[PDB]
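As a plain string of letters, each chain reads:
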Amino acid sequence: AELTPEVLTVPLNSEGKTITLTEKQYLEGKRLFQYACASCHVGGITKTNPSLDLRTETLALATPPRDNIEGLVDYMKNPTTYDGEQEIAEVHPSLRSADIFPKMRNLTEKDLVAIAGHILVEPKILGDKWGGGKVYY
Amino acid sequence: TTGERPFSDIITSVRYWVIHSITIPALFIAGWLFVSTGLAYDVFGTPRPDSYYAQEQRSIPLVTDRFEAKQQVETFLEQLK
Amino acid sequence: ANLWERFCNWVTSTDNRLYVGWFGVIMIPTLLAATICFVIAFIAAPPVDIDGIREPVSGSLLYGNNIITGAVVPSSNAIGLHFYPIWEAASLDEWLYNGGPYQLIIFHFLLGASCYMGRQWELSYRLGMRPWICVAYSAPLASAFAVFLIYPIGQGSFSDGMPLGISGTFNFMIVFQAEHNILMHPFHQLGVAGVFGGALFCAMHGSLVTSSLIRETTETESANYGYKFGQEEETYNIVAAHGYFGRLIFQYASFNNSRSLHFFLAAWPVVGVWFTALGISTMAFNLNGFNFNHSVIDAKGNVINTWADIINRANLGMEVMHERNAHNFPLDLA
Amino acid sequence: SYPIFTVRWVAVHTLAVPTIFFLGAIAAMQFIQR
Amino acid sequence: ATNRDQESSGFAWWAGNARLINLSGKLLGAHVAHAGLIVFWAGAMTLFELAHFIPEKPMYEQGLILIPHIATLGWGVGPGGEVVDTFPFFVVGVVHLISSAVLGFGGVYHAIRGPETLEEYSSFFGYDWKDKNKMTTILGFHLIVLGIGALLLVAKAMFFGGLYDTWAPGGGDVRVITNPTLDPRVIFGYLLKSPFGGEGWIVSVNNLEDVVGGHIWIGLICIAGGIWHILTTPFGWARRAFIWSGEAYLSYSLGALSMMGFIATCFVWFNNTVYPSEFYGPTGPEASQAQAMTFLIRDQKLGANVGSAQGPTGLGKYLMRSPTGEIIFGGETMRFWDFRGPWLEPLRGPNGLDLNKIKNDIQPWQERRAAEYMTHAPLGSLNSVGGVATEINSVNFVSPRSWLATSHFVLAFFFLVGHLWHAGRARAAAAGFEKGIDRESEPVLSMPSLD
Amino acid sequence: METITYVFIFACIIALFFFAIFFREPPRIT
Amino acid sequence: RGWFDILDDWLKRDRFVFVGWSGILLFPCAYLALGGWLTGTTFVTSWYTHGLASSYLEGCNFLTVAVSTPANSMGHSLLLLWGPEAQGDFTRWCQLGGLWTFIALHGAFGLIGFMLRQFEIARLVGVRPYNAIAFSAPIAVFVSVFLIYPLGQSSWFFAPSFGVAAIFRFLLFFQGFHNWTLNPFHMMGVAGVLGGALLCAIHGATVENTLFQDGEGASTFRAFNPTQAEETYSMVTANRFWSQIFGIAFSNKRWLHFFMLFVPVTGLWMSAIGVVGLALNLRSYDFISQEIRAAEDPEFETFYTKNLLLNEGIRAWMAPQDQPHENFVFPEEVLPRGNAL
Ligand code: CLA
Ligand code: CLA
Ligand code: CLA
Ligand code: CLA
Ligand code: CLA
Ligand SMILES: CCCCCCCCCCCCCCCC(=O)OC[C@H](COP(=O)(O)OC[C@@H](O)CO)OC(=O)CCCCCCCCCCCCCCC
Ligand SMILES: CC1=C(/C=C/C(C)=C/C=C/C(C)=C/C=C/C=C(C)/C=C/C=C(C)/C=C/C2=C(C)CCCC2(C)C)C(C)(C)CCC1
Ligand SMILES: CC1=C(/C=C/C(C)=C/C=C/C(C)=C/C=C/C=C(C)/C=C/C=C(C)/C=C/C2=C(C)CCCC2(C)C)C(C)(C)CCC1
Ligand SMILES: CC1=C(/C=C/C(C)=C/C=C/C(C)=C/C=C/C=C(C)/C=C/C=C(C)/C=C/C2=C(C)CCCC2(C)C)C(C)(C)CCC1
Ligand code: OEX
Ligand SMILES: [Cl-]
Ligand SMILES: [Cl-]
Ligand SMILES: [Fe+2]
């Protein structure tokens, strides 16, 4: 098995468009995910709230849809609850609250796409291990 | 005291290092090339990093028969196409 | 001589059957108190709520235990590191419910064993001996300090200390594996190398001296009578034993110096136990063993399991089952 | 003088020759990427 | 070659430093050179920590131990412990490193080129181990240097910027201490506290006023004690009690440094005042109390009445009572109810945690500090993998509290073995039978039988 | 009978400690 | 004097490395078991037998490399190279686990040759063969664990795999499935090993601290001559020291050094007998009187009942991956788990 372009193909938005990431984009997204997210989102779960995971089936059912590159980048700029009612930027890392989350300061638009790409590519590789927890270790 | 030449006489003599200045590094190169050429894989059947699974497969190619074991392994290795 | 002189002469007297000394002045009352309490608690102590969740664990013999299952249950988890003597409880029925006897035992025991170590130097000083025998005894003593005091300190509760029982000891070993992966710690590996090598070197030194005992007895009497207590002549031939063991491997891997040989007999097992005591002590602050989980990955990104990931499956089994009712939150942090 | 080839000579080279061969092979494995 | 082989000295090469017991000139070059190695590492490690320093990441995520020691002293940090100027860290690293070459020069000189024995050169610097009057003078001189250093910390806190106070109102900040605690009932009250849970001996100090006021007392006592031993000779009861030899004096310091080694290990593992969590990470009890706090906030947002929620064992799922009655967090963290932290005290009332303050006074910054410390618990592997022992490889983190506590405990134990080794031999060497038993004068052979 | 047996066997070991120490065969420099 | 007596003179020559008649069986067998483990732990995999990487080539370190056991489908086959399974192919022989039987069998004959070497050298020197007799305990352990145990089980698959992390798996397997800690034979083995390390430390430290002064240097190691006829340490003083500290003490040199021979050898022999019982799943797993009480009383709890809950958790979590031939599929709802965790 290899990391083929058909594996590195992810939905761009909720209208059907796609974008094929490069291998360096995935490795960059993996490094940055460990830099800013892996403390709470190791393996695809959420230590501070195991009720919400990073599985694509969960991101597609959130409001607004988060199962694409556009939805993930918007979440990293203005994060909301699962139903989009409240804005939780004050207690979740984002560019809007980079003052209190210093690890979100030196992030660029290109970086957020790489982090968004890794969240959408990893479940296609690990299967149930991504977002499964200790049960699938 | 058994008659052999003491070790400190050998490893400190010039002629020992005249011989072992190339015999030690050449064997180091031989083992190096045994892996860099890829021969180490083909001799022992060790799977390559891209030869553990098929592209869309996630199941281990476990041998389930004693006498037909040589047949299943070749059948598993053929499916990597 | 006055009162104090003749009392000091008797305490430090070398003619006593069991030497007392000043270190023994503290060792005798402390070890007797911990021993009397342990025997009474091992037989008739009521169940103790060790994990502080109002779920007592029966430990004594009169409450349905045998020699293998009986134990003196540690103090409650609600007590933590708080000093819990008898006079701090409202009644003995409360003192027995929250694991009172455990603290009384392990405190008087660690005090007496420390005085036991200093007592080993004291007799060696009055007899004109070299005093480093107690240094070797510091290895089993530091091991007791690690599982009784140092680990509870690092975890914040005496309920996590090793219980005082046979089956209780096994529980302490399994929980330590899931929470620290002690088997993958190089210090416990050094400790195993100390006890495995010690048993090897004990059998090796014993089988070589006995294999070279000079003939002094016949065939109808034990060979032990060939040695008389206090004789000047050595009872075996070290050169003959060196001649054999020097050929089993090669000449220079064998010792010809009895002093250097017996120093190796004392160094290897003690240095090994010194590290495994530091292993439990360092892992008391959660510096655990090697973690190679999900370390081998194929070209695509799949996890290629190893024997390290299989050990993680066994640890997860011990992890999710230990103290099944004492956890309300997803992470077990202590 | 001393002999050059002995049983001890054979015993050493039965271990010394493959050890450096393996050290060269294992050293090359440190640069293999996936 | 004076006393440099086994025949002329009596010591093999593995005990070759013992050939310096009666060589004052060479021995001085050994202590000055070793002191150079100490300052060399203090300067080189700081420059190594500065070159690898990322300001936007917390110090405990980067494996720093020396920069947090400098950041605690109020140099280079601002409100909340955020780094605002990394140049003071550079100055401390350079000046310590530069000073190592000066100590190294004198160490190499006094050890191979200078006089082998200072008894010839100067009567002021030459000494004898059995000279009870001269030994106390060197003890008093170094006592005064220690008392000055203890007052140098006080001057930094009172006249030169102050210290970093994690308990400062409105958040942690650099603050100058103006009123140090001089009351001996409070200062010496720490020494008489129990070392067990709920008390903690001197580790439980939780304000800089008790810290600075203590270093004033320590500075004055060392000065008064230093002048004492310089002018006085040991009394008779002390002469008949101690062994007066060079090896015995080293054994005393080994037992003293081993005792101090255990104290620092518990200091960094429990105290968050002189080791602020903003620099060293949350303590063991700190992160455990944060998990119960984090999910108490989570479930209460979902509408859970945490004050009436009953856990599976009958105890409260979120809150319970301490053995003395104080309202504390529930679960396994009942052992950690003695924890005190600046991010948790606002919720604490006279009877413990206040349920009214829990329902309505929880702030977002208290929620962020609770989730950050929970996911940065001092748990990790030897190869620096953060999490529990079953966590998968992802996070590169081991708390500096775990690096400092485990290291100084291994050092504290081996230095206790050094005490038992050198103090036992000092007794045997002064008595005259450290080399073995006299075959013609065996002491046991002159004793009656045990039975 | 279980508790009585364990305590009986245990008491015999303690009594054996007493006779093995105070009533041992005295070692003599022969 | 014929060819047999000529060859006997050359085998028993006094050289740097003694050969002997036992060397014809020892040296080649011991060399192949060592080289077989080194070759396997560097190049040979375990992906088709266990689904694991087990060599430096695949990415493992010194702690995780192993020569894994053959697959469970192979049974108790000898897995010879020319046999019906490998069919003379060397690569397929490695992929099926032929190295494990290659190491276990050649290593078994090596331990036979080493003990024969102990007998042969002791006879030529003129000493008693007690080191050979004492070496029967290591042989008894290797035979009962690497041979007798799997031959009583289903196949070679459940035998120890020649690896560091693989042996640690073997320890945790016997805990959850056999409850090997509760077996009294392993207890007698633990007392023999820990008691052996006790005798080893307490004897060497006693000798070094009861030495006579035969020299004037501080380093007392040069005050000994191998040809001397006097004891180097005071047996009398050491006897009085341990009698006053501990109560009892050795008074005979010959009984003391045989005592050091009996304790570690007896321990390993007893632990070997218990492992033989584990080959037939004859475990000391349960106390019946404990289970009858706990089944009728939900308030009766001991450390015994708490360790079984850990054993039931060990089996459920590792079996799917540790026994892939069984094809275990355990949903999330059947896994035994405590609260929260
Ligand atoms: C903290 C480390 C330390 C220090 C400071 C010393 C110091 C000393 N040792 Mg010891 N030693 C040590 C560790 C140390 N030792 C250890 C670990 C061992 C065990 C192996 C020994 C074993 C040992 C033995 C066996 C002996 C000593 C002796 C000595 C003394 C004389 C050395 C001498 O003449 O060498 C001469 C060596 C040289 C001239 C070679 C050059 C050495 C120089 C100093 C190197 C400098 C390098 C440096 C980078 C240059 C800096 C330049 C500057 C401008 C910055 C000296 C006081 C001797 C003694 O007691 O004398 C009576 C002796 O016999 N040592
Ligand atoms: C007080 C001592 C101390 C402490 C607490 C730390 C702590 C730390 N250092 Mg530092 N370090 C120290 C001393 C110390 N160091 C010294 C003396 C040096 C000079 C060589 C260094 C050089 C150094 C570098 C260059 C780096 C660190 C880094 C680190 C971090 C990771 C450490 C790691 O991965 O260890 C891994 C664990 C081990 C290697 C295990 C060591 C076990 C020892 C050897 C056992 C020794 C036993 C005993 C003492 C020997 C005697 C036995 C005898 C009595 C029988 C951590 C914050 C890294 C970092 O985070 O940088 C930002 C980094 O890059 N350290
Ligand atoms: C532990 C410290 C220590 C001690 C006790 C000595 C002691 C001695 N040295 Mg040495 N020396 C040291 C460190 C030390 N030195 C260092 C670090 C260096 C490198 C710079 C030297 C370089 C050196 C040389 C080159 C020579 C000596 C000589 C001497 C002798 C006479 C010194 C004299 O007349 O000073 C009298 C006093 C003064 C000259 C005034 C000094 C005032 C100081 C410098 C002001 C600062 C004081 C303050 C406390 C410093 C704080 C330092 C900080 C780390 C705390 C004497 C035996 C000489 C000797 O042995 O002759 C044969 C000699 O030739 N020393
Ligand atoms: C660096 C530290 C240091 C050292 C090593 C010494 C060394 C010495 N001092 Mg000095 N001293 C010092 C600092 C030091 N001094 C300071 C700073 C002061 C000022 C207060 C003094 C004041 C002082 C006086 C007034 C006297 C000494 C004396 C002595 C000598 C005998 C000490 C003795 O027998 O103690 C043995 C100690 C005891 C017998 C006390 C029993 C132990 C008690 C119970 C303390 C509790 C220990 C406990 C475990 C600690 C827990 C913490 C808490 C409970 C306190 C010796 C040369 C005496 C002497 O002969 O000098 C002329 C003497 O009379 N010292
Ligand atoms: C001390 C020497 C020694 C010993 C005891 C063994 C023992 C063993 N080896 Mg090993 N081996 C050795 C040296 C040795 N080896 C050397 C030096 C090499 C490298 C060349 C090997 C390479 C090797 C491989 C590659 C393999 C073994 C295997 C084996 C096992 C099966 C052997 C067998 O069935 O032979 C059967 C043959 C005999 C016992 C010979 C009997 C001879 C008598 C006199 C009969 C003579 C017949 C007569 C001449 C007529 C000929 C036939 C005719 C009718 C056509 C066994 C444990 C196998 C194994 O363990 O698989 C897991 C395996 O695959 N060996
Ligand atoms: C291996 C563990 C070593 C522990 C050391 C403990 C013993 C030390 C006690 C002191 C005694 C005196 C000092 C001796 C210490 C000593 O003298 O060491 C040095 C030793 C002596 O060498 P020589 O005598 O050649 O040295 C020249 C001397 O004559 C100069 O004086 O060197 C060797 O023996 C090197 C071994 C090479 C071996 C290579 C392999 C050879 C094949 C071996 C195959 C064996 C398998 C056997 C089958 C089972
Ligand atoms: C005696 C003896 C010994 C010892 C020795 C020693 C211990 C010494 C020391 C020494 C030392 C301890 C030294 C040090 C040095 C240092 C130096 C020399 C430094 C320099 C520095 C510099 C030059 C820097 C630069 C810089 C700057 C300024 C800035 C930043 C950047 C840089 C870093 C570049 C021994 C063991 C061998 C043995 C014999 C005898
Ligand atoms: C700074 C500070 C502070 C303070 C502190 C203090 C003030 C201290 C003091 C200290 C001290 C106050 C100490 C003391 C100590 C003592 C000791 C440690 C002693 C010892 C002793 C000995 C060792 C003895 C011994 C012996 C005996 C017993 C018998 C006879 C013999 C002899 C003599 C040997 C505080 C915490 C507030 C806060 C923070 C900061
Ligand atoms: C199997 C087989 C065989 C055999 C082969 C062989 C015999 C081989 C050998 C091989 C070898 C013979 C190899 C070797 C290798 C070795 C190595 C690879 C080593 C390494 C080492 C090291 C690495 C070291 C390290 C260390 C230590 C240990 C301690 C401390 C220090 C150090 C760190 C340095 C044959 C062909 C017959 C047949 C078929 C099959
Ligand atoms: O207590 Mn006894 O064991 Ca130390 O982790 Mn947490 O807490 Mn409980 O769980 Mn796991
Ligand atoms: Cl449990
Ligand atoms: Cl919990
Ligand atoms: Fe001996």
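Residues numbered from 1 in each chain as written, not as in the entry; some residues may be left out. Chains lettered and ligands numbered in written order. Part of a larger assembly, values for the part shown. Heavy atoms only, no water. Residues with missing side-chain atoms left out of burial classes, pairs and counts.

Listed as the method for this PDB entry is X-ray crystallography; the listed resolution is 3.00000997771 Å.

Topic: the overall build of chain F
For chain F, the count of helices and strands is one helix and zero strands. Taking the principal axes of its C-alpha atoms as reference, chain F extends roughly 50 × 10 × 5 Å. Going through the 30 residues of chain F one by one, you find that 13% of them count as buried. Counting only carbon and sulfur atoms, one obtains 79% of the accessible surface of chain F, whose full area is about 2700 Å². (Helix = DSSP H or I, 4+ residues; strand = E, 2+ residues; numbered from the N terminus. Buried < 20%, exposed > 50% of the residue type's maximum accessible area, 1.4 Å probe, protein only. Areas by Shrake-Rupley, 256 points an atom, 1.4 Å probe, with all protein chains shown as cover.)

Some thoughts on the site of ligand 9
In the region of ligand 9, the neighbouring residues are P18, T19, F22 and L23 of chain D together with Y31, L32, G35, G36, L38, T39 and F90 of chain G. More than one chain reaches ligand 9: the nearby residues come from chains D and G. Compared with its free state, where it exposes 950 Å², ligand 9 has 48% of that area covered by protein. Taken together, the elements giving at least two residues each to the shell around ligand 9 come down to α1 (7-29) of chain D together with α2 (23-40) of chain G. With six residues, α2 of chain G is the largest single contributor of residues to the shell around ligand 9. (Near = heavy atom within 4 Å.)

Let's talk about the interface of chain G and chain C
Each partner contributes to the interface: chain G provides 113 residues, whereas chain C provides 119 residues. Summed over both sides, the interface between chain G and chain C buries roughly 10600 Å², with carbon and sulfur atoms accounting for 66% of that surface. Its largest share of buried area at the contact with chain C, chain G owes to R254, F303 and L341 of chain G, together 9% of the area lost on that side. Across the contact surface, chain G and chain C share five salt bridges. Residue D14 of chain G is joined to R247 of chain C by a salt bridge in which the shortest nitrogen-to-oxygen separation is 3.5 Å. Summed over the shared surface of chain G and chain C, the number is 47 residue pairs in polar contact. Only α4 (98-125), α5 (130-134), α7 (164-176), α8 (184-208), α9 (235-245), α10 (253-279), α11 (288-296) and α12 (303-322) of chain G provide two or more residues apiece to the side of chain G that touches chain C. Residue composition of the side of chain G that touches chain C, by class: 62 nonpolar, 34 polar and 17 charged. (Contact = heavy atoms within 4.5 Å. Buried area = accessible area lost by both parts, 1.4 Å probe. Salt bridge = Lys/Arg side-chain N within 4 Å of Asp/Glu carboxyl O. Polar contact = N/O pair within 3.5 Å; in protein donor to acceptor, adjacent residues only side chain to side chain. Nonpolar A, V, L, I, M, F, W, Y, C, P; charged D, E, K, R; others polar.)

Things to note about the site of ligand 7
All names here are of chain E. Ligand 7 sits among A33, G36, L37, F40, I98, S100, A101 and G104. Here ligand 7 loses 41% of its free accessible area of 950 Å² to cover by the protein chains. Breaking the shell around ligand 7 down by element, the ones donating at least two residues are α2 (24-51) and α4 (87-112). In terms of residue class, the shell around ligand 7 is made up of five nonpolar, three polar and no charged.

Side note on the nonpolar core
Of all hydrophobic cores here, the largest spans 90 residues; its most connected members are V35 of chain B together with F43, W100 and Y149 of chain G. With nine residues, helix α10 (residues 307-321) of chain C is the single largest residue contributor to this core. Beyond its immediate stretch of four places on either side in the chain, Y149 of chain G contacts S144, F158, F170, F173, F174, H178, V275, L278 and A279 of chain G. (Core = buried A, V, L, I, M, F, W, Y, C linked by side-chain atoms within 4.5 Å.)

Details of the coordination of the magnesium atom of ligand 5
Counting protein donors around the magnesium atom of ligand 5 gives one, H106 of chain G (NE2), at 2.2 Å. One can find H106 of chain G in helix α4. (Donors = N, O, S within 2.8 Å, 3.2 Å for Na, K, Ca; no water.)

Observations concerning the arrangement of the chains
Considering every one of the 15 pairs of chains in contact, the largest contact total is recorded for chains C and G. Regarding chain A and chain D, the two do not touch, and the least distance separating their C-alpha atoms is 9 Å. Spatially, chain A is disjoint from chain F: no contact exists, and the shortest C-alpha separation is 43 Å.

Some points on the environment of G386 of chain E
Residue and element names in this part refer to chain E. In this structure, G386 sits in the loop between α14 (364-374) and α15 (400-431). Taking the C-alpha atoms as reference points, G386 and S399, 13 residues apart in sequence, are found 8.6 Å from one another. Contact partners of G386, with chain neighbours within four places excluded, come to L379, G380, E391, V395 and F397.

Thoughts on the UniProt feature "binding site: heme c" in chain A
Residues and elements named next belong to chain A. If you check UniProt for "binding site: heme c", the listed places come out as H41 and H92 in our numbering. Across 52 residues in sequence, these annotated residues keep their C-alpha atoms within 12.3 Å of one another, forming a single compact spot. Within the element layout of this structure, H41 appears in the loop between α1 (23-36) and α2 (56-60). Owing to a relative accessible area of 15%, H41 belongs among the buried residues under this scheme. Beyond its immediate chain neighbours, meaning those up to four positions away, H41 contacts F33, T46, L54 and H92. Within the element layout of this structure, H92 appears in the loop between α3 (69-75) and α4 (109-126). Owing to a relative accessible area of 22%, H92 belongs among the partly exposed residues under this scheme. (UniProt positions renumbered as here; feature names shortened; annotations may be inferred.)

Here's the deal with unusual backbone geometry
Residue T63 of chain A is joined to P64 of chain A through a cis peptide bond whose omega torsion reads 0 degrees. Looking at the secondary structure, you find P64 of chain A in the loop between α2 and α3. Here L79 of chain G, not a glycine, exhibits a phi torsion of approximately 55 degrees, which is positive. Among the structural elements, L79 of chain G can be located in the loop between β1 (66-67) and α3 (90-95). You will see that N281 of chain G, though not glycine, has its phi angle at about 60 degrees, which is positive. Inspection of the secondary structure puts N281 of chain G in the loop between α10 and α11.

Details of the interface of chain C and chain E
Each partner contributes to the interface: chain C provides 73 residues, whereas chain E provides 68 residues. Between chain C and chain E lies a buried interface of about 6300 Å² when both sides are counted; carbon and sulfur atoms form 66% of it. For the interface between chain C and chain E, the tally reads one salt bridge. Across the salt bridge formed by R335 of chain E and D160 of chain C, the nearest N and O atoms sit 3.6 Å from each other.

What to know about helix α10 (residues 246-270) of chain E
For α10 of chain E, with 25 residues, the first-to-last C-alpha span of 37 Å sits near the 36 Å given by 1.5 Å per residue. All of the buried residues in α10 of chain E are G246, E247, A248, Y249, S251, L254, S258, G261, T265, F267, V268 and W269 of chain E. Buried residues along α10 of chain E sit in contact with α5 (133-155) of chain C together with α6 (132-159), α12 (284-301) and α15 of chain E. (Expected span 1.5 Å × (residues − 1).)

Some details on the pattern of salt bridges
Oppositely charged side chains may form a pair once their charged atoms are brought near each other. By the definition in use, this model includes 37 salt bridges over all chains. A salt bridge links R48 of chain B to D42 of chain B, with the nearest nitrogen and oxygen atoms 3.0 Å apart. Measuring nitrogen to oxygen at the nearest pair gives 3.2 Å for the salt bridge that ties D297 of chain G to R293 of chain G. A relative accessible area of 39% places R293 of chain G in the partly exposed class.

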